[PDB]
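Residue numbers (the working numbering), protein chains in the order written: chain Z, 1 to 126; chain V, 1001 to 1126; chain B, 2001 to 2126; chain H, 3001 to 3126; chain R, 4001 to 4126.
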Amino acid sequence: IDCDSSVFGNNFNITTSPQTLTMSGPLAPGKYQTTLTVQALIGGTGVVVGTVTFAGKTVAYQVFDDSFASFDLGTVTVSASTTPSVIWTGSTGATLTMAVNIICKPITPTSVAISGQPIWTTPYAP
Amino acid sequence: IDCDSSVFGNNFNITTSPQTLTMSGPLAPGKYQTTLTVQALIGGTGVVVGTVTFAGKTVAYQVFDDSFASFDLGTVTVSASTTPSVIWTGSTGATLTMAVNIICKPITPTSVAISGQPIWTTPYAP
Amino acid sequence: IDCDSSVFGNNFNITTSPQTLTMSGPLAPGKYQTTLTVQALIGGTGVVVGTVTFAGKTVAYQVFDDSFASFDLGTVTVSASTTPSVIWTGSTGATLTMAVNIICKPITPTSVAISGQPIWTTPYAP
Amino acid sequence: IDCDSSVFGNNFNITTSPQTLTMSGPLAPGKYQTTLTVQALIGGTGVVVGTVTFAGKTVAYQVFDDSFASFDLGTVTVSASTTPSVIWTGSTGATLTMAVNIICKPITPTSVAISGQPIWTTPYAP
Amino acid sequence: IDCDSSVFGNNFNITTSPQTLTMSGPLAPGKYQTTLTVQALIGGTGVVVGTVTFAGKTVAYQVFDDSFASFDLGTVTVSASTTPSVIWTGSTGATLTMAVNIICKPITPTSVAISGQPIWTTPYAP
């Protein structure tokens, strides 16, 4: 019935302000709820600050040792179908592996079940 | 359809009790559901306690090594449009990078789908 | 419209079985959904087990290095308005900083939107 | 109104395949939504794999350094009232403290609020 | 009433691109909401990137020290009953233990309670 799209990428760090075109993501033509998961291991004893821009949105990201963070982001529109992509900034280096996942869902009406019948009603406005 | 606002900031630590005006946040004029994500890497082998005040609300924050914490916070009002900002306190130092993100959503009615029709009803009050 | 109460505390460790009266929490007179966030940094290379009692409820808590854990706890009543407070137990020591946050929400009806109109109904019971 | 039951335990590791009867848990007679929180600190520089069986369900668990994981588990039945208990397996040792929490909730109808009145309806089937 | 299926596995690392047939998972014949939990401890001082493919879906995974990550994934269909299984890729080695859990739920209508009766309605279309 309902659909899904988890577009994803596994990347590296070199230039400040780089794009990362997202792997194997064909399109997200319609409306969607959206989420980010991000984490990045560090080569050596160094700490890394950074920020992640997706679609007019931006996210803070301190790190050292082990990390994992997620973000719900409500109901992003897609005005016209395109490939997913992510711009971001922060310190880069010889070794600082990156892992980033976008998950987006179609918005659908929720099914419901009614309790307490019969249910009161009047023609008149409240 | 629905809107969103993830206002954000990436900062440092010097004075006790400082404000951090939040980056690139124009306004949040209406009612909103709200959330915090906070994490802060440590320069050197030191641990840091701290607390974060947003809007009449305050949050505890122990840390060492790697950290990441989030908080749902229900339905904050915005009486009049302003720039987002965050006051906080705790130990500061030569190196203790900070990363903080606010995400807020408009509150909207949820769409629903009805199951089990036809549905019972009576004019009379229960 | 809807209200909120994030009562909070930032504390230390000395005696077994201590109370910690919670900072700046005036009252929670009515019914509420509730949540805990807890984390505690360790002075030195030591591990700490502990348990946290709130309101007839109790929570397990292993720790070393960095920690952060959260708990939803459904719909706690408040029979009469009081100050928030937390009892707990476990190993204590020279340095083991504690951070604990309670977040509670009023329970309110959810707004809804109806899909699929017109909606079928019959006077007769199913 | 609504009830709750957070049954809990703080334990050790010796035999493979042990039970841990859960502390201070009197009964859960009816239907319930359920959740696990598990974490276990390590004595020494060692890593621990393990799995946790609850009620016909089983859970994977790698660990080293600091850990914390949670699991929603939908709507477990309780055919007849009993004490909570947990079987599990994996490497054990001289020091590997365990912390495990079960939280379960009664399933109740959700209250709702209606938007968009008046609402269309027809006697005829769709 | 409602059912559940937490199929699971605890594994090792050798070849690139291996399958892991999932332990003790008999079938998931119908429609389901789905979730992943993944974490993997590291033998030695090494970091590991990897990606996890389930059902036409793929997930990023940086790691070092301690890790734990989870993913909601909406409403996966099961066209015909089969055993659960997971393909994945990344660096492998002498010691890099893996822990992976799938949790899936039947999709069911939600029960509801009505507030604000009596409820307005008109025969006429809006």
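Even for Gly, the Cβ is constructed at its ideal location relative to N, Cα and C.
- Of all residues in the region 2060-2081 of chain B, those with a C-beta nearer than 9 Å to a C-beta of chain H are 2060, 2061, 2062, 2063, 2064, 2065, 2066, 2067, 2068, 2069, 2070, 2071, 2072, 2073, 2074, 2075, 2076, 2077, reading in chain order.
- In the displayed model, residue 4072(R) falls within a strand according to three-state DSSP.
- Using a Cβ-Cβ distance cut-off of 8 Å, the region 90-100 of chain Z and the region 4088-4104 of chain R are not in contact, since fewer than three pairs of beta carbons, one from each stretch, lie closer than that value.
- Residue environment: residue 1019(V) is assigned as exposed (fewer than 16 neighbouring CB atoms within 10 Å of its CB, all protein chains considered).
- Residues of chain B with a Cβ closer than 8 Å to the Cβ of residue 4115(R) are, in chain order, 2109.
- Distance from the Cα of residue 4006(R) is smallest, within the candidate group 4087(R), 4117(R), 4083(R), for 4083(R).
- DSSP places residue 1117(V) in no beta strand (DSSP E); its state is neither H nor E.
- Residues of chain V whose Cβ lies closer than 9 Å to the Cβ of residue 49(Z) are, in chain order, 1010, 1041, 1097, 1098, 1099.
- Taking 8 Å as the threshold, the shortest C-beta distance from residue 3120(H) to chain R falls below it.
- In this structure, the alpha-carbon of residue 4042(R) lies about 13 Å from that of residue 4050(R).
- For the pair residue 4073(R) and residue 4034(R), the CB atoms are nearer than the 8 Å cut-off.
- Bridge pairing for residue 4104(R): 4005(R), 4034(R) [DSSP].
- Residue pairing from DSSP leaves residue 95(Z) without any beta-bridge partner.
- Here the C-alpha atom of residue 59(Z) lies approximately 10 Å from the C-alpha atom of residue 70(Z).
- At a cut-off of 8 Å between C-beta atoms, residue 3112(H) counts as an interface residue with respect to chain R.
- Here the C-alpha atom of residue 1047(V) lies approximately 16 Å from the C-alpha atom of residue 66(Z).
- Ranked by Cα distance from residue 1075(V), the options 1045(V), 1114(V), 1107(V), 1064(V) are led by 1107(V).
- At a Cβ-Cβ threshold of 8 Å, residue 1115(V) and residue 1022(V) do not count as neighbours.
- Taking 8 Å as the threshold, the shortest C-beta distance from residue 2087(B) to chain V does not fall below it.
- Taking a Cβ-Cβ threshold of 8 Å, none of the residues of chain Z is close to residue 1057(V); the smallest such distance is about 19 Å.
- For residue 2086(B), the enclosing beta strand (DSSP E) covers residues 2085-2090.
- For residue 1021(V), the enclosing beta strand (DSSP E) covers residues 1019-1021.
- Counting along the chain, the unbroken beta strand (DSSP E) around residue 4059(R) starts and ends at 4058-4060.
- Around residue 2105(B), no beta-carbon contact reaches into chain H at under 7 Å, the shortest distance being about 14 Å.
- Residue 50(Z) is bridged by DSSP to 90(Z).
- Residue 2009(B) has its alpha-carbon roughly 9 Å from the corresponding atom of residue 1061(V).
- Residue 3110(H) is bridged by DSSP to 4112(R).
- Residue 1123(V) and residue 2122(B) do not touch by the CB rule: their CB atoms are close to 14 Å apart, not below 8 Å.
- The contact set of residue 1(Z) on chain R, defined by CB atoms closer than 9 Å, consists of 4031, 4075, 4077, 4107 in chain order.
- From the listed residues 4052(R), 4120(R), 4104(R), 4112(R), the smallest Cα separation to residue 4028(R) is found for 4104(R).
- Distance from the CA atom of residue 2077(B) to the CA atom of residue 4026(R), rounded to whole angstroms, is 42 Å.
- Against chain R, a Cβ distance below 9 Å from residue 18(Z) picks out nothing, because the smallest value is about 17 Å.
- With respect to residue 3063(H), residue 3052(H) sits apart: the two C-beta atoms are not nearer than 8 Å.
- Of 3100(H), 3125(H), 3087(H), the smallest CA-CA separation from residue 3040(H) is found for 3100(H).
- Taking the beta carbon of residue 126(Z) as reference, the chain R residues within 7 Å of it are 4120, listed in sequence order.
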